[PDB]
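Enquirer: This is the content of start00.cif (mmCIF, C-alpha atoms and all ligand atoms):
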```cif
data_data
loop_
_atom_site.label_atom_id
_atom_site.label_comp_id
_atom_site.auth_asym_id
_atom_site.auth_seq_id
_atom_site.Cartn_x
_atom_site.Cartn_y
_atom_site.Cartn_z
CA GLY U 1 13.47 16.27 22.78
CA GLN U 2 10.41 15.84 20.58
CA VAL U 3 7.65 13.72 22.13
CA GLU U 4 5.89 11.63 19.49
CA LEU U 5 2.12 11.90 19.17
CA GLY U 6 -0.59 9.59 17.88
CA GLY U 7 -3.95 10.05 16.23
CA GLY U 8 -6.70 10.89 18.69
CA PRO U 9 -9.89 9.01 17.82
CA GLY U 10 -13.26 10.72 17.72
CA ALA U 11 -15.93 9.79 20.24
CA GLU U 12 -19.30 8.35 19.25
CA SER U 13 -22.45 10.03 20.55
CA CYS U 14 -24.62 7.16 21.78
CA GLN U 15 -24.34 7.33 25.58
CA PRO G 4 -16.39 -17.43 23.70
CA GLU G 5 -18.13 -14.32 22.33
CA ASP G 6 -15.81 -11.40 21.57
CA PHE G 7 -16.32 -7.87 20.24
CA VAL G 8 -13.34 -6.03 18.78
CA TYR G 9 -12.73 -2.35 17.99
CA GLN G 10 -9.68 -1.00 16.16
CA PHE G 11 -8.48 2.52 15.37
CA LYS G 12 -5.68 2.89 12.82
CA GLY G 13 -4.01 6.24 12.27
CA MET G 14 -2.01 5.59 9.10
CA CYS G 15 0.38 7.99 7.35
CA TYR G 16 1.53 7.40 3.76
CA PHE G 17 4.82 9.00 2.69
CA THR G 18 5.99 9.28 -0.92
CA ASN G 19 9.22 10.98 -2.07
CA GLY G 20 10.29 11.87 1.45
CA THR G 21 7.77 14.31 2.91
CA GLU G 22 6.70 15.78 -0.45
CA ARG G 23 3.53 13.64 -0.65
CA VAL G 24 2.05 12.88 2.79
CA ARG G 25 -1.42 11.43 3.31
CA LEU G 26 -3.33 10.67 6.52
CA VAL G 27 -5.98 7.94 6.71
CA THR G 28 -7.58 7.28 10.09
CA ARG G 29 -9.70 4.13 10.24
CA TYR G 30 -12.55 3.22 12.60
CA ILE G 31 -12.99 -0.55 12.49
CA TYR G 32 -15.59 -2.78 14.14
CA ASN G 33 -14.37 -6.37 14.26
CA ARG G 34 -12.90 -6.65 10.73
CA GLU G 35 -15.11 -3.97 9.16
CA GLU G 36 -14.05 -0.37 8.57
CA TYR G 37 -17.24 1.63 9.10
CA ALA G 38 -15.86 5.18 9.14
CA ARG G 39 -12.71 6.89 7.94
CA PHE G 40 -11.00 10.26 7.65
CA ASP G 41 -8.79 10.65 4.57
CA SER G 42 -6.77 13.87 4.37
CA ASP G 43 -7.30 13.87 0.60
CA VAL G 44 -11.08 13.77 1.09
CA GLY G 45 -10.89 16.34 3.90
CA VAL G 46 -13.95 15.22 5.90
CA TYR G 47 -15.14 12.09 7.64
CA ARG G 48 -16.89 9.55 5.44
CA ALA G 49 -18.90 6.45 6.21
CA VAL G 50 -17.52 3.31 4.58
CA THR G 51 -20.41 0.99 5.48
CA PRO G 52 -23.98 1.79 6.62
CA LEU G 53 -22.63 1.35 10.16
CA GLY G 54 -20.82 4.70 10.07
CA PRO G 55 -23.17 7.49 8.90
CA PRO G 56 -24.05 8.18 12.57
CA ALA G 57 -20.40 8.70 13.54
CA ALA G 58 -19.33 10.42 10.31
CA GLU G 59 -22.12 13.01 10.36
CA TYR G 60 -21.66 13.72 14.07
CA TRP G 61 -17.89 14.17 13.73
CA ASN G 62 -18.24 16.42 10.69
CA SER G 63 -20.85 18.64 12.35
CA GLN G 64 -18.43 19.56 15.17
CA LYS G 65 -15.95 22.19 14.02
CA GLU G 66 -13.40 21.45 16.76
CA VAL G 67 -13.18 17.76 15.82
CA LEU G 68 -12.72 18.52 12.13
CA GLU G 69 -9.81 20.93 12.68
CA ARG G 70 -7.90 18.73 15.13
CA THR G 71 -8.09 15.82 12.67
CA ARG G 72 -6.88 17.86 9.69
CA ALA G 73 -4.01 19.28 11.76
CA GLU G 74 -2.84 15.73 12.49
CA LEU G 75 -1.30 15.57 9.02
CA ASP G 76 1.22 18.03 10.49
CA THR G 77 1.23 17.33 14.23
CA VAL G 78 1.42 13.53 13.79
CA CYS G 79 2.38 12.43 10.26
CA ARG G 80 4.86 15.15 9.28
CA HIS G 81 6.13 15.65 12.84
CA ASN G 82 6.90 11.99 13.54
CA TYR G 83 8.53 11.47 10.13
CA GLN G 84 11.23 13.96 11.12
CA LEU G 85 11.99 11.63 14.04
CA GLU G 86 12.04 8.62 11.71
CA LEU G 87 14.75 10.26 9.58
CA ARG G 88 16.81 10.63 12.78
CA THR G 89 16.49 6.95 13.79
CA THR G 90 14.63 4.33 11.75
CA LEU G 91 15.54 5.55 8.26
CA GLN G 92 19.27 5.56 9.13
CA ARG G 93 19.30 1.96 10.41
CA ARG G 94 21.75 -0.11 8.34
CA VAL G 95 22.24 -3.79 9.20
CA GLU G 96 24.58 -5.59 6.78
CA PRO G 97 23.47 -9.02 5.53
CA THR G 98 25.27 -12.28 6.24
CA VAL G 99 25.47 -14.35 3.05
CA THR G 100 26.12 -18.10 2.96
CA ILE G 101 25.73 -20.82 0.34
CA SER G 102 24.63 -24.32 1.32
CA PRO G 103 23.22 -27.40 -0.51
CA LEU G 114 19.87 -27.64 -5.05
CA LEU G 115 21.93 -24.60 -4.05
CA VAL G 116 20.61 -21.90 -1.71
CA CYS G 117 22.12 -18.44 -1.18
CA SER G 118 20.90 -17.55 2.32
CA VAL G 119 20.89 -13.80 3.01
CA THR G 120 20.09 -13.13 6.66
CA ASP G 121 19.70 -10.37 9.24
CA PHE G 122 19.63 -7.28 7.03
CA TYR G 123 17.69 -4.01 7.06
CA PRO G 124 16.18 -2.14 5.22
CA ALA G 125 14.20 -4.24 2.75
CA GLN G 126 16.07 -3.25 -0.43
CA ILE G 127 18.01 -6.30 -1.63
CA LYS G 128 19.29 -7.75 -4.91
CA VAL G 129 20.60 -11.31 -5.28
CA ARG G 130 22.36 -12.45 -8.47
CA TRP G 131 23.59 -15.98 -9.16
CA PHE G 132 26.61 -16.50 -11.41
CA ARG G 133 27.54 -19.73 -13.17
CA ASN G 134 31.23 -19.22 -13.98
CA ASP G 135 31.20 -15.90 -15.87
CA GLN G 136 27.51 -15.97 -16.90
CA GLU G 137 24.79 -14.51 -14.69
CA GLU G 138 22.02 -17.06 -14.19
CA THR G 139 18.68 -15.64 -15.32
CA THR G 140 16.31 -18.64 -15.55
CA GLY G 141 16.29 -21.32 -12.85
CA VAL G 142 16.45 -18.90 -9.91
CA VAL G 143 13.66 -19.42 -7.37
CA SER G 144 13.59 -16.59 -4.82
CA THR G 145 11.41 -16.74 -1.73
CA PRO G 146 9.57 -13.52 -0.85
CA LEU G 147 11.16 -11.23 1.71
CA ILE G 148 10.84 -12.89 5.11
CA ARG G 149 10.24 -10.37 7.90
CA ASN G 150 11.83 -11.58 11.14
CA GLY G 151 9.75 -9.20 13.26
CA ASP G 152 12.83 -7.95 15.15
CA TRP G 153 13.58 -5.16 12.64
CA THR G 154 15.56 -7.51 10.37
CA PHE G 155 14.78 -9.31 7.11
CA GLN G 156 16.05 -12.45 5.41
CA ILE G 157 15.61 -13.93 1.93
CA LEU G 158 16.44 -17.29 0.34
CA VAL G 159 17.43 -17.62 -3.33
CA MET G 160 17.76 -21.05 -4.95
CA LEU G 161 19.63 -22.04 -8.12
CA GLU G 162 17.96 -25.05 -9.75
CA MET G 163 21.01 -26.50 -11.53
CA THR G 164 24.39 -27.92 -10.46
CA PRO G 165 25.26 -30.15 -13.43
CA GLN G 166 29.02 -29.93 -13.97
CA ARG G 167 32.09 -30.30 -11.79
CA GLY G 168 34.76 -27.66 -12.24
CA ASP G 169 32.08 -24.96 -12.51
CA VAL G 170 32.18 -22.13 -9.96
CA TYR G 171 28.91 -20.75 -8.57
CA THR G 172 28.97 -17.32 -6.95
CA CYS G 173 26.19 -15.31 -5.30
CA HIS G 174 26.27 -11.50 -5.49
CA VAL G 175 24.25 -9.55 -2.92
CA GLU G 176 23.65 -5.79 -3.01
CA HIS G 177 22.24 -3.82 -0.08
CA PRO G 178 22.03 -0.12 0.88
CA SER G 179 24.36 -0.85 3.82
CA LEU G 180 27.19 -2.12 1.56
CA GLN G 181 29.48 0.09 -0.50
CA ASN G 182 30.67 -3.11 -2.23
CA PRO G 183 28.50 -6.17 -2.98
CA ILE G 184 29.02 -9.36 -0.99
CA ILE G 185 30.30 -12.28 -3.07
CA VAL G 186 30.28 -15.89 -1.83
CA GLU G 187 31.46 -18.89 -3.87
CA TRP G 188 30.68 -22.61 -3.88
CA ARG G 189 32.40 -25.51 -5.63
CA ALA G 190 31.95 -29.28 -5.80
CA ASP T 2 -3.42 -1.27 -1.53
CA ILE T 3 -2.01 2.27 -1.71
CA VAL T 4 1.35 3.14 -3.27
CA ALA T 5 3.82 4.87 -0.95
CA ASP T 6 7.50 4.67 -0.06
CA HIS T 7 6.84 4.21 3.66
CA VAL T 8 3.64 3.37 5.53
CA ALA T 9 3.42 4.45 9.18
CA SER T 10 0.99 3.25 11.83
CA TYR T 11 0.91 6.18 14.25
CA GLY T 12 -1.83 4.61 16.30
CA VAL T 13 -2.57 0.90 16.09
CA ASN T 14 -5.32 1.12 18.70
CA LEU T 15 -7.08 -2.08 19.74
CA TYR T 16 -9.73 -2.91 22.31
CA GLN T 17 -11.79 -6.07 22.74
CA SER T 18 -14.33 -7.25 25.30
CA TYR T 19 -12.76 -10.67 25.97
CA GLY T 20 -11.25 -10.35 29.44
CA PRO T 21 -11.28 -6.60 28.81
CA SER T 22 -7.96 -6.26 26.96
CA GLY T 23 -6.43 -3.61 24.74
CA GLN T 24 -3.24 -2.65 22.94
CA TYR T 25 -1.51 0.49 21.67
CA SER T 26 1.52 0.47 19.38
CA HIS T 27 3.22 2.48 16.65
CA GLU T 28 4.44 0.68 13.53
CA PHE T 29 6.73 1.81 10.71
CA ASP T 30 7.02 -0.19 7.48
CA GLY T 31 5.64 -3.33 9.11
CA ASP T 32 7.72 -3.25 12.31
CA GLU T 33 6.60 -2.35 15.82
CA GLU T 34 8.47 0.67 17.15
CA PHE T 35 6.91 0.36 20.61
CA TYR T 36 3.90 -0.76 22.59
CA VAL T 37 2.54 0.55 25.89
CA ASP T 38 2.18 -1.62 28.96
CA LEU T 39 -1.32 -0.47 29.85
CA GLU T 40 -1.22 -1.76 33.43
CA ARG T 41 2.39 -0.71 34.05
CA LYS T 42 1.77 2.59 32.20
CA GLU T 43 5.10 2.45 30.38
CA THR T 44 6.28 2.87 26.80
CA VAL T 45 8.31 -0.17 25.74
CA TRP T 46 10.44 0.61 22.69
CA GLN T 47 11.66 -2.28 20.54
CA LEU T 48 15.19 -1.11 19.69
CA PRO T 49 18.10 0.31 21.73
CA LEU T 50 18.15 3.14 19.18
CA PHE T 51 14.61 4.24 20.07
CA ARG T 52 15.12 4.14 23.84
CA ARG T 53 17.94 6.65 23.39
CA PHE T 54 16.30 9.21 21.07
CA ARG T 55 12.52 8.69 21.22
CA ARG T 56 9.88 9.55 23.82
CA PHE T 57 6.18 8.72 24.02
CA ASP T 58 4.02 9.68 27.01
CA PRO T 59 1.96 6.57 27.89
CA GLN T 60 -0.94 8.73 29.12
CA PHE T 61 -2.10 9.40 25.55
CA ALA T 62 -2.42 5.66 24.97
CA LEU T 63 -4.68 5.24 28.01
CA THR T 64 -6.87 8.10 26.76
CA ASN T 65 -7.37 6.47 23.36
CA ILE T 66 -8.21 3.05 24.81
CA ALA T 67 -10.91 4.69 26.95
CA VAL T 68 -12.40 6.22 23.79
CA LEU T 69 -12.22 2.92 21.90
CA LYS T 70 -13.86 1.27 24.92
CA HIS T 71 -16.64 3.85 24.61
CA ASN T 72 -17.13 3.57 20.83
CA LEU T 73 -17.22 -0.23 21.06
CA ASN T 74 -20.26 -0.08 23.34
CA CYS T 75 -21.94 2.28 20.87
CA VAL T 76 -21.25 0.24 17.73
CA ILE T 77 -22.18 -2.98 19.56
CA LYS T 78 -25.71 -1.62 19.98
CA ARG T 79 -25.92 -0.25 16.44
CA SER T 80 -24.83 -3.62 15.00
CA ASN T 81 -27.30 -5.65 17.15
CA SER T 82 -24.38 -7.30 18.99
CA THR T 83 -22.66 -8.73 15.92
CA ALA T 84 -19.69 -10.64 17.33
CA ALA T 85 -16.39 -11.16 15.56
CA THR T 86 -15.84 -14.19 13.33
CA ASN T 87 -12.95 -16.49 14.27
CA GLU T 88 -10.44 -16.75 11.42
CA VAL T 89 -8.21 -19.76 10.78
CA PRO T 90 -4.61 -18.80 11.67
CA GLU T 91 -1.64 -19.88 9.56
CA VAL T 92 1.60 -20.91 11.28
CA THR T 93 5.15 -21.13 9.91
CA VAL T 94 8.40 -21.94 11.73
CA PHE T 95 11.90 -21.07 10.51
CA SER T 96 15.30 -20.13 11.90
CA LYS T 97 16.82 -16.66 11.91
CA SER T 98 20.12 -17.96 10.51
CA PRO T 99 21.42 -21.09 8.79
CA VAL T 100 21.56 -23.82 11.43
CA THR T 101 25.12 -24.91 12.24
CA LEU T 102 25.33 -27.52 15.00
CA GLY T 103 26.93 -25.83 18.01
CA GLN T 104 26.40 -22.19 16.96
CA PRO T 105 23.65 -20.23 18.76
CA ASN T 106 20.53 -19.47 16.75
CA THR T 107 16.88 -18.45 17.11
CA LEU T 108 13.66 -20.16 16.02
CA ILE T 109 10.85 -17.97 14.67
CA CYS T 110 7.18 -18.99 14.89
CA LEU T 111 5.00 -16.73 12.73
CA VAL T 112 1.25 -16.98 13.32
CA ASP T 113 -0.74 -15.13 10.65
CA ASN T 114 -4.40 -14.27 10.04
CA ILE T 115 -5.17 -13.94 13.75
CA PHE T 116 -8.69 -12.75 14.56
CA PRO T 117 -9.81 -12.12 17.25
CA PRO T 118 -6.48 -11.00 18.75
CA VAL T 119 -6.43 -13.75 21.40
CA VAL T 120 -3.88 -16.54 20.99
CA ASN T 121 -1.47 -18.78 22.90
CA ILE T 122 2.03 -19.32 21.48
CA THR T 123 4.14 -21.78 23.47
CA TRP T 124 7.44 -23.54 22.78
CA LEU T 125 8.58 -27.04 23.73
CA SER T 126 12.01 -28.64 23.32
CA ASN T 127 11.44 -32.38 22.84
CA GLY T 128 9.30 -33.47 25.81
CA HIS T 129 9.28 -30.56 28.26
CA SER T 130 7.87 -27.06 27.92
CA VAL T 131 10.49 -24.40 27.16
CA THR T 132 10.07 -21.23 29.21
CA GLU T 133 13.57 -19.74 29.00
CA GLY T 134 14.75 -17.88 25.92
CA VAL T 135 11.18 -17.14 24.78
CA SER T 136 10.00 -13.71 23.66
CA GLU T 137 6.97 -12.52 21.71
CA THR T 138 5.92 -9.47 19.73
CA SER T 139 2.71 -7.55 20.19
CA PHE T 140 -0.18 -8.12 17.81
CA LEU T 141 0.91 -6.63 14.48
CA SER T 142 -1.67 -5.11 12.17
CA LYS T 143 -2.52 -6.22 8.64
CA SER T 144 -4.38 -4.44 5.84
CA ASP T 145 -7.48 -6.68 6.04
CA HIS T 146 -7.59 -5.77 9.78
CA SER T 147 -6.50 -9.20 10.99
CA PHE T 148 -3.37 -9.60 13.11
CA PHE T 149 -0.16 -11.59 13.08
CA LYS T 150 2.22 -12.34 15.95
CA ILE T 151 5.75 -13.75 16.13
CA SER T 152 7.38 -15.72 18.95
CA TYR T 153 11.11 -16.36 19.35
CA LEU T 154 13.16 -19.18 20.86
CA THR T 155 16.89 -18.72 21.42
CA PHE T 156 18.48 -22.17 21.27
CA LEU T 157 21.68 -24.03 20.40
CA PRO T 158 21.21 -26.52 17.53
CA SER T 159 22.07 -30.11 18.44
CA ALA T 160 21.52 -33.57 17.00
CA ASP T 161 18.97 -34.80 19.56
CA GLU T 162 16.44 -31.97 19.22
CA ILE T 163 13.38 -31.29 17.06
CA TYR T 164 11.37 -28.26 18.16
CA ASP T 165 7.64 -27.53 17.98
CA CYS T 166 5.55 -24.35 18.17
CA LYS T 167 2.12 -24.80 19.77
CA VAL T 168 -0.58 -22.33 18.68
CA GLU T 169 -3.99 -22.24 20.39
CA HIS T 170 -6.80 -20.27 18.76
CA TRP T 171 -10.60 -20.30 18.75
CA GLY T 172 -10.68 -20.60 14.95
CA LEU T 173 -8.67 -23.83 15.30
CA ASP T 174 -10.47 -27.04 16.20
CA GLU T 175 -7.34 -28.43 17.90
CA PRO T 176 -4.01 -26.85 18.88
CA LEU T 177 -1.59 -26.46 15.98
CA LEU T 178 1.83 -28.08 16.43
CA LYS T 179 4.25 -26.67 13.86
CA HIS T 180 7.40 -28.70 13.28
CA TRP T 181 11.03 -27.70 12.71
CA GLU T 182 13.85 -30.14 12.01
CA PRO T 183 17.56 -29.27 12.34
CA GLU T 184 18.36 -31.59 9.43
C1 LIG E 201 -4.85 -19.85 26.27
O1 LIG E 201 -4.43 -20.41 27.53
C2 LIG E 201 -5.29 -20.08 28.63
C3 LIG E 201 -4.65 -20.66 29.87
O2 LIG E 201 -3.37 -20.10 30.10
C4 LIG E 201 -6.70 -20.61 28.37
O3 LIG E 201 -7.55 -20.24 29.44
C5 LIG E 201 -7.23 -20.06 27.06
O4 LIG E 201 -8.49 -20.64 26.76
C6 LIG E 201 -6.25 -20.36 25.92
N1 LIG E 201 -6.72 -19.78 24.68
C7 LIG E 201 -7.17 -20.50 23.64
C8 LIG E 201 -7.15 -21.99 23.83
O5 LIG E 201 -7.56 -19.98 22.60
#
```
Please lay out the structure from this file as structure tokens.
Ligand SMILES: *[C@@H]1O[C@H](CO)[C@@H](O)[C@H](O)[C@H]1NC(C)=O
Expert:
Amino acid sequence: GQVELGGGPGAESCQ
Amino acid sequence: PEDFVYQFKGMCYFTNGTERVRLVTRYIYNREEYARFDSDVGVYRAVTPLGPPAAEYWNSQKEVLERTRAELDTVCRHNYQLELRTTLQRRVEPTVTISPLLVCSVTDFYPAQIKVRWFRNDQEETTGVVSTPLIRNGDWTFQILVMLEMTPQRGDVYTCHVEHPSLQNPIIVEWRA
Amino acid sequence: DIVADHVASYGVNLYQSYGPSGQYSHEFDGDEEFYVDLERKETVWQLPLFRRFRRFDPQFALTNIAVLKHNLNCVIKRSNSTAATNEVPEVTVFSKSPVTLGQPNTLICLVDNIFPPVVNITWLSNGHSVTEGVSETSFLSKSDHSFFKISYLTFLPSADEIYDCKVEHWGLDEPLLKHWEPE
């Protein structure tokens, strides 16, 4: 019962 | 209308099973990759002058840099083990027909490995054989069309031999005038 | 290109400002394993094999789209609001199997080089719009970061039928009508 994961994108620091 | 597009592509590249795995995340604005993490490089890198702000901010934060490097294991290597249990075992056998200028249609097969040989009587045809590229059907099946550019003589037998990872024996289909 | 046995897309994340729309899907070797219905909040696998053995929590997709929504506003300002360029899409129509009159078959309309990912794919029989037996894939990624989509039409080949695939895109001056003949 392995739940697949994705790549978590980084967040820009503008506002 | 005026549209703005953003894309994020977490791509994993597998060679020789899981012996050579590589993670490339891509940060794309419209059709322009401006930043990227490559597991070979180890840190974020700007691709265009649009990405030094993001790349330097992401690299400065220790928690972001570790969670991205660990994705080679938590995402790429982990999901591949689920591919071996499902996608990489899929075996759809191809249907092979011959129809009139002679076309050996090979349809509805998976995976992509395929080998089509035309035979004129007892001699494999090696010249006038026009093969279309692999046609992806988009429903997890492929097809391919292979033409033989000669049908001169009557009494000659033309056979098409198709090999596929799903077949222990090749499929042979014959045509005659 | 990069040499590998298998290429995996464990995160084809997409967000665009036109009618605020997005998409999340995993691809393996050029095929979509699943997408997430963002409004229904449901993982939609593409094969009966995956529905049985595979699980993906749709909450992670919604988290990523919110981050892409955020980054897009940042990069829009850094780029001085540089909008996307409309590419000219290429359309091809072909059958899934050799067409034998009377035997069920499926028509395949491949639209390629789609950018931005906004397009209308519609089928028509010979004079009326065909709504039954029509299915479509999600936007599939390409290396050059354009998209391609495929629409299907389940039909029964007959003598009095010539089908057409209608593609509507901003990069096209007029709608494209791709032609397929049973003969
Ligand atoms: C697609 O169809 C809708 C109506 O259903 C229309 O509003 C939109 O402009 C079309 N997209 C095109 C022509 O690119």
Enquirer: Check every protein, DNA and RNA residue against ligand LIG 201 (chain E), keep those with an atom at most 9 Å away (counting only C-alpha atoms and all ligand atoms), and present them as a PyMOL selection string.
Expert: chain T and resi 119-122+168-173+175-176
Enquirer: In Å, rounded to a single decimal, give me how far atom CA of residue 29 of chain G is from atom CA of residue 79 of chain G.
Expert: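 So the answer is 14.7 Å.
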Enquirer: Closest to residue 99 of chain G among G:34, G:25, G:177, G:189, using all atoms listed in the file?
Expert: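 Residue with the minimum atom-to-atom distance to residue 99 of chain G: G:177.
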Enquirer: Would you give me, as a Markdown table, each residue of chain U having an atom within 8 Å of an atom of chain G, along with its shortest atom pair and that distance in Å to one decimal, using only C-alpha atoms and sorting by chain and residue number?
Expert:
```
| residue | atom | partner | partner_atom | distance |
| --- | --- | --- | --- | --- |
| U:2 | CA | G:85 | CA | 7.9 |
| U:4 | CA | G:82 | CA | 6.0 |
| U:5 | CA | G:78 | CA | 5.7 |
| U:6 | CA | G:78 | CA | 6.0 |
| U:7 | CA | G:13 | CA | 5.5 |
| U:8 | CA | G:71 | CA | 7.9 |
| U:9 | CA | G:11 | CA | 7.1 |
| U:10 | CA | G:61 | CA | 7.0 |
| U:12 | CA | G:57 | CA | 5.8 |
| U:13 | CA | G:57 | CA | 7.4 |
```
Enquirer: From the set G:15, G:53, G:8, G:91, which residue has the shortest atom-to-atom contact distance to residue 80 of chain T, counting all atoms listed in the file?
Expert: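 Distance minimum relative to residue 80 of chain T lands on G:53.
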Enquirer: When the cut-off is 6 Å and we count all atoms listed in the file, which residues of chain T are near chain G, given as a ChimeraX atom specification?
Expert: /T:5-19,73,84-85,146
Enquirer: Would you mind telling me which residue in T:63, T:100, T:141, T:177 lies nearest to chain U when using only C-alpha atoms?
Expert: T:63
Enquirer: Residues near residue 14 of chain U, anyone? I mean within 10 Å using only C-alpha atoms, not counting same-chain ones fewer than 3 positions away, as a PDB file with C-alpha atoms, keeping the file's coordinate frame.
Expert:
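Result written to around28.pdb:
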```
ATOM      1  CA  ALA U  11     -15.930   9.790  20.240  1.00  0.00           C
TER       2      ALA U  11
ATOM      3  CA  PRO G  56     -24.050   8.180  12.570  1.00  0.00           C
ATOM      4  CA  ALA G  57     -20.400   8.700  13.540  1.00  0.00           C
TER       5      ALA G  57
ATOM      6  CA  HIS T  71     -16.640   3.850  24.610  1.00  0.00           C
ATOM      7  CA  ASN T  72     -17.130   3.570  20.830  1.00  0.00           C
ATOM      8  CA  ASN T  74     -20.260  -0.080  23.340  1.00  0.00           C
ATOM      9  CA  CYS T  75     -21.940   2.280  20.870  1.00  0.00           C
ATOM     10  CA  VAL T  76     -21.250   0.240  17.730  1.00  0.00           C
ATOM     11  CA  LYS T  78     -25.710  -1.620  19.980  1.00  0.00           C
ATOM     12  CA  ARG T  79     -25.920  -0.250  16.440  1.00  0.00           C
TER      13      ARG T  79
END
```
Enquirer: Pick from G:126, G:164, G:63, G:140: nearest to residue 179 of chain G, with all atoms listed in the file counted?
Expert: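 When distances to residue 179 of chain G are compared using all atoms listed in the file, the smallest one comes from G:126.
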Enquirer: For chain U, which residue among T:82, T:127, T:65, T:106 is the nearest when counting all atoms listed in the file?
Expert: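 Closest residue, counting all atoms listed in the file: T:65.
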Enquirer: With all atoms listed in the file as the counted atoms, please give the residues lying no more than 8 Å from residue 92 of chain T, apart from itself and same-chain residues fewer than 6 positions off, as a PDB file with C-alpha atoms, in the frame of the given file.
Expert:
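Output (part-v9.pdb):
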```pdb
ATOM      1  CA  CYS T 110       7.180 -18.990  14.890  1.00  0.00           C
ATOM      2  CA  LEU T 111       5.000 -16.730  12.730  1.00  0.00           C
ATOM      3  CA  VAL T 112       1.250 -16.980  13.320  1.00  0.00           C
ATOM      4  CA  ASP T 113      -0.740 -15.130  10.650  1.00  0.00           C
ATOM      5  CA  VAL T 168      -0.580 -22.330  18.680  1.00  0.00           C
ATOM      6  CA  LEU T 177      -1.590 -26.460  15.980  1.00  0.00           C
ATOM      7  CA  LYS T 179       4.250 -26.670  13.860  1.00  0.00           C
TER       8      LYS T 179
END
```
Enquirer: Compare T:144, T:159, T:104, T:96 by their minimum atom-to-atom distance to residue 158 of chain G, counting only C-alpha atoms, and give me the closest one.
Expert: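 Closest candidate: T:96.
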Enquirer: Please, what distance in Å, to one decimal, runs between atom CA of residue 65 of chain G and atom CA of residue 43 of chain G?
Expert: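 Here the two named atoms are 18.0 Å from each other.
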Enquirer: Any idea what the distance is between atom CA of residue 124 of chain T and atom CA of residue 89 of chain T?
Expert: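 Straight-line distance from atom CA of residue 124 of chain T to atom CA of residue 89 of chain T works out to 20.1 Å.
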Enquirer: Do a neighbour search on residue 3 of chain U at 8 Å with only C-alpha atoms, toss out local chain neighbours closer than 2 positions, and write the hits as an MDAnalysis selection string.
Expert: (chainID U and resid 1 5) or (chainID T and resid 55:58)
Enquirer: Using the file's own x, y and z axes, so that the box edges lie along x, y and z, what centre and edge lengths in Å (one decimal) does a box around every listed atom of segment 3-13 of chain U get when 5 Å is added on each side? Give it as AutoDock Vina command-line options.
Expert:
```
--center_x -7.4 --center_y 11.0 --center_z 19.2 --size_x 40.1 --size_y 15.4 --size_z 15.9
```
Enquirer: I want to know what sits within 6 Å of residue 152 of chain T, based on all atoms listed in the file, with residues of the same chain fewer than 3 positions away left out; could you give that as a list in words?
Expert: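 Residues meeting the cut-off are residues 109, 110, 136 and 137 of chain T.
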